[PDB]
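As a starting point, one isolated chain is supplied in structure tokens, in the form deposited in one PDB entry.
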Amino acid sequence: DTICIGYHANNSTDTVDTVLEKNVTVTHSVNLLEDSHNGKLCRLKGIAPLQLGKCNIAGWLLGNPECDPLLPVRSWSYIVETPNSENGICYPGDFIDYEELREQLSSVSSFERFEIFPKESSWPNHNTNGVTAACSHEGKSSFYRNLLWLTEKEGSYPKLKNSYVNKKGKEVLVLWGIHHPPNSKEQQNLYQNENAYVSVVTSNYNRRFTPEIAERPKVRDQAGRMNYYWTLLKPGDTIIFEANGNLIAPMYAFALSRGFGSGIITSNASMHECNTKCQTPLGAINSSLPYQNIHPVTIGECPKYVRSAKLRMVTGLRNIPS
């Protein structure tokens, strides 16, 4: 009569590494590293992302004509740019503190596009029909949907001074532009004053802009330049524009709402009818595992990114079916 003591064994082919030995076949084990995604852009906690289509942030914010127009009000969980964004700034020039603006938009969860300065109504004694071929649409020369190219009317550019009081109860993103002709002849033909200036003030913002005329290499067949500026007008505060030339005036502005967990990602994937808690530029992750090796860029509640190819924890025994 005999009794023996022994241990479990099974057919498993799971292998784990240890310090003293690599590649040990074990009976049981747990994988801690997520490596699978669904290859789709999804809703994040039930909220769809903001897709900019053919535009980047600049093209969308300035109102590039080539980009399909979005609904007046939007709410999102994250912003998606496409890698090949052909439509951005269409009239050559610098967009000041653009990166800072993107970083601001990274915590915005909603916008309302509203007419801050109505077209035919706000700039009397000035022309508002200025267009350009650098910003073409359907072949014809056009211009930014959110801005207005003010020029001389009937041989004169009278000093304008207009203002907006923010009664939206939220921050209002106001954008404008400053035009820089390549010569003084064009400066006179457009704004009738060689010593022009633009002034923009709020309670906490205070800037003055002066035309700087010089011949420049052609960009998008333009020797002139256009510098783009922006400011966030606090609730209740007032913004004042004052100019006698060169002002690319605001026409539409954005009432903004703040949120958490958002961000801007560059992605190729397509939006699908699906929901997730974790979104990467390559696809959505549905996992409760502590690590992932899919992508460093994550939106939502995601596992920690690591470079590892394998993170497998043994729980069972050294497997010896022999």
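Residue indices: 1-based, along the sequence shown. C-alpha atoms forming the largest set that superposes within 1.5 Å between two forms make up the rigid core.
Remark: stretch with higher mean C-alpha B factor among 122 to 130 and 90 to 98 is 122 to 130. Higher average CA B factor: 64 to 72, of the stretches 64 to 72 and 253 to 261. Taking only the listed residues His37, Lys277, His28, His295, the entry reports the highest CA temperature factor at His28.
Of all the options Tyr157, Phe114, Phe209, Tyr228, the entry's greatest CA B-factor is assigned to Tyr157.
In the deposited entry, the Cα temperature factor of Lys22 sits in the top third of values across the chain's modelled residues. Sort the chain's modelled residues by C-alpha temperature factor and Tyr205 lands in the lowest third, per the entry. Among the modelled residues of the chain, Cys55 sits in the highest third by CA temperature factor in this PDB entry. Looking at the C-alpha B-factors along this chain, the one for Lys234 belongs to the lowest third. Among all modelled residues in its chain, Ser110 ranks in the middle third by Cα B-factor.
Here the subject shifts to the form deposited in another entry, a form of this protein not shown in this document.
Comparing the two forms between the shown form and the other one on the rigid core, the single residue of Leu70, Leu289, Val30, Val297 with a CA shift of 2 Å or greater is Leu70. Relative to the shown form, the CA atoms of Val165 and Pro72 are pushed 3 Å or more farther apart in the other form. Note: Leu71-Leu61 Cα separation is 3 Å or more shorter in the other form than here.
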